[PDB]
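In terms of PDB author numbering, the sequence shown is residues 2 to 75, 84 to 99, 108 to 346.
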Amino acid sequence: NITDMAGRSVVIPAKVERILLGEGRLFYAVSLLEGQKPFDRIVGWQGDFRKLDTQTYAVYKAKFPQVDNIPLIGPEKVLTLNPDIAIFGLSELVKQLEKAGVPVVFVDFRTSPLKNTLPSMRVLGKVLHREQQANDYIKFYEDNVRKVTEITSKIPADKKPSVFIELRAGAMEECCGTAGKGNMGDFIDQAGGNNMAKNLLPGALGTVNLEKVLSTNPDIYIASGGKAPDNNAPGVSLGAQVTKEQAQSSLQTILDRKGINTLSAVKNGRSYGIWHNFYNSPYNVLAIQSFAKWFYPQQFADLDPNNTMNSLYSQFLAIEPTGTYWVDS
Numbered sequence: 002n003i004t005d006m007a008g009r010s011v012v013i014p015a016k017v018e019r020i021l022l023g024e025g026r027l028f029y030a031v032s033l034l035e036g037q038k039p040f041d042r043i044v045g046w047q048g049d050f051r052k053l054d055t056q057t058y059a060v061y062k063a064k065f066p067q068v069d070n071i072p073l074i075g084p085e086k087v088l089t090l091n092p093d094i095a096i097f098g099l108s109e110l111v112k113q114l115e116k117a118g119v120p121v122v123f124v125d126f127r128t129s130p131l132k133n134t135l136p137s138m139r140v141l142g143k144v145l146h147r148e149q150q151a152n153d154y155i156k157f158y159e160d161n162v163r164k165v166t167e168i169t170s171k172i173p174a175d176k177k178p179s180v181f182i183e184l185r186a187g188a189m190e191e192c193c194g195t196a197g198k199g200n201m202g203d204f205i206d207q208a209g210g211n212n213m214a215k216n217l218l219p220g221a222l223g224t225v226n227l228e229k230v231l232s233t234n235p236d237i238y239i240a241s242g243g244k245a246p247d248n249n250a251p252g253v254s255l256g257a258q259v260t261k262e263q264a265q266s267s268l269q270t271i272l273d274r275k276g277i278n279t280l281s282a283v284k285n286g287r288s289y290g291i292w293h294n295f296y297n298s299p300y301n302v303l304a305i306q307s308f309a310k311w312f313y314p315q316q317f318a319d320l321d322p323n324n325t326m327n328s329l330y331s332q333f334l335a336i337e338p339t340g341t342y343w344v345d346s
């Protein structure tokens, strides 16, 4: 048995051939364990991966066409799929699954990734019978996070830059979603940064008013986006099918927005783009290195997040790294 990130004790199954995903983008965690057979055990998912990550989906589809046949689940009807195990993030469904004697498990990469990333992966290894893959990944993640924290962990406060991250930036009106105590806040923290939104928000996630961003006037501005290139909505295009030019053209439109454009971060050339889905992915070690390299360019000269992404895809994944995951002005 094992305790999940909700604190509930779950009986490790004797048989796992059929996995259910309550958020499609839990795929990122599972992709790390399934090796060269990523979709062999997936019997169903919520459509956020297929729909809110069309780009990655499409790369996988090219190599595994059968991905299209996995049903989208958006409570009696999910049982027909016959899951050995169901996975959730932090319902009638959860009851319906436990009433049917189906092991349910909650993980976390969104609310508190500092705390819950590696524990979540450890849990998954056990309950998916992929402990070796999970422990391999922990070792990887740890060594790559260590490259940052070695340097950033004892940096005095007056050395540290102030940082603001506008999550899924775009559209003066939504402005500005951000992370506080949690989420990418944790990566700032760790990268030797100083999240301005931290003491404005109770939660990991939330919305701050543009006025406060301009008034605070942070050293560094980061915008998260995962917008597909053909998606011409407000936001940073980034992902598996984005070019560097598209990332920059689109990052610029975001920095050119009203208010934003007057920021010292914009004028001082300290504006960056980061792939949004690291806000809820165990791949977020890539974001940690990039933030630290943006924050202390000279100290992280020898560091290359692309080498790390290549190293990850080759060790763990069944597709090739393509596209643009980060960008500078």
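For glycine and all other residues, C-beta sits at the position ideal for the given N, C-alpha and C.
*Pull up the DSSP beta-bridge partners for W343, would you.*
According to DSSP, which records beta bridges pairwise, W343 is partnered with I291.
Check your understanding: In the DSSP assignment, what are the bridge partners of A95?
Key -> Beta-bridge pairing links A95 to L21, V121.
**OP:** Since I believe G48 is in contact with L73 (beta carbons under 8 angstroms), could you give me their beta-carbon distance rounded to a whole number of angstroms?
**Re:** Rounded, the Cβ-Cβ distance is 4 angstroms, consistent with contact.
Residues near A59 in its chain [Cβ-Cβ closer than 8 angstroms; skip 5 each side] = Excluding residues within five positions, the ones whose Cβ falls inside 8 angstroms are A257, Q258.
| message | Checking 7 angstroms against the spacing of the C-beta atoms, do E18 and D93 come in under that value? | response | For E18 and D93, yes; Cβs fall inside 7 angstroms.
Worksheet item: Nearest-angstrom Cα distance between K143 and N323?
Response: Going from the Cα of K143 to the Cα of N323 covers about 30 angstroms.
Where the beta strand (DSSP E) through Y238 begins and ends
Its beta strand (DSSP E) spans residues 237-242.
- Consult DSSP for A188 and reduce its assignment to one of helix, strand or coil. It is coil, neither helix nor strand.
Handout entry: alpha helix (DSSP H) runs contained entirely in the segment 139-169, provided each spans 4 or more residues
Key = Runs found: 148-169.
Give the list of continuous beta strand (DSSP E) stretches no shorter than 3 residues that lie fully inside the segment 22-55. Entirely contained in the segment 22-55, the beta strand (DSSP E) runs reaching 3 residues are, in chain order, 43-46.
What are the start and end residues of the alpha helix (DSSP H) that includes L217? Here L217 belongs to no alpha helix (DSSP H), and DSSP marks it neither H nor E.
Selected residue, minimal CA-CA separation from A208, among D125, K112, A174
Closest option to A208, Cα to Cα, is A174.
Rounded to whole angstroms, how far is the Cβ of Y238 from the Cβ of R185, which I believe are closer than 8 angstroms?
Actually they do not touch by this definition, with Cβ atoms about 14 angstroms apart.
**Prompt:** Can the beta-carbon of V12 be found less than 7 angstroms from the beta-carbon of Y158?
**Reply:** No.
Exercise for review: Measuring alpha carbon to alpha carbon, tell me which of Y289, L329, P338 ends up nearest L33.
Suggested key: Put simply, of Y289, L329, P338 the residue whose alpha carbon is nearest the alpha carbon of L33 is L329.
| message | Determine whether the beta carbon atoms of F204 and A304 lie at a separation below 7 angstroms. | response | Yes, the pair counts as a contact, with Cβ atoms nearer than the cut-off.
Checklist entry - Around the Cβ of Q56, are there at least 16 other Cβ atoms within 10 angstroms (buried) or fewer (exposed)? => result The residue is buried, with at least 16 neighbouring Cβ atoms inside 10 Å.
*Between the Cα of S137 and the Cα atoms of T279, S298, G187, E85, which residue gives the shortest distance?*
Comparing Cα-Cα distances from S137 to each of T279, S298, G187, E85, the minimum goes to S298.
### Task
Using 10 angstroms around the beta-carbon of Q67, count the other beta-carbons present and answer buried if the total reaches 16, otherwise exposed.
That one is exposed.
Beta strand (DSSP E) segment containing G223, residue limits
Where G223 is concerned, the enclosing beta strand (DSSP E) stretches over 222-224.
Along the chain, where does the beta strand (DSSP E) containing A196 start, and where does it finish?
Judged by DSSP secondary structure, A196 falls within the beta strand (DSSP E) whose first and last residues are 194-196.
| query | Are the beta-carbon atoms of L222 and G242 separated by less than 7 angstroms? | reply | No, these two residues do not count as a Cβ contact at 7 angstroms.
Practice prompt. Note down, in chain order, each residue of its chain lying with its Cβ closer than 8 angstroms to the Cβ of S10, except the 5 sequence neighbours on either side.
Written response: Annotation for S10: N2, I3, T4 place their beta carbon closer than 8 angstroms to its own, counting only its chain and skipping 5 residues before and after.
### Message
If you reduce the DSSP assignment to three classes, tell me which class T4 lands in.
### Response
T4 falls in the strand class under three-state DSSP.
ask   = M6 and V124 look like a contact to me (Cβ under 8 angstroms); what is the Cβ gap, rounded to whole Å?
value = That pair is a contact at about 5 angstroms.
Notebook entry, point to check: Using the rule of at least 16 other Cβ atoms within 10 Å of the residue's Cβ for burial, across every protein chain shown, is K198 buried or exposed?
Noted result: That one is buried.
**Request:** Return the CA-CA distance between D69 and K86, expressed in angstroms with no decimal places.
**Result:** For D69 and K86, the gap between their C-alpha atoms comes out near 19 angstroms.
Closest to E115 by C-alpha separation, out of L218, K132, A214, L88, would be which residue? Measuring from the Cα of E115, the nearest candidate turns out to be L88.
Requested in this report: Determine the direct distance from the alpha carbon of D54 to that of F333, and round the result to whole angstroms.
Outcome: About 19 angstroms.
List the residues that DSSP assigns as beta-bridge partners of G256. Looking at the DSSP assignment, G256 forms a beta bridge with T341.
Practice item. Per DSSP, which residues does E183 bridge with? Please list them. Key: Residue pairing by DSSP places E183 opposite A240 in a beta bridge.
Notebook entry, point to check: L73 by DSSP, collapsed to three states: which one?
Noted result: DSSP places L73 in strand when its eight states are reduced to three.
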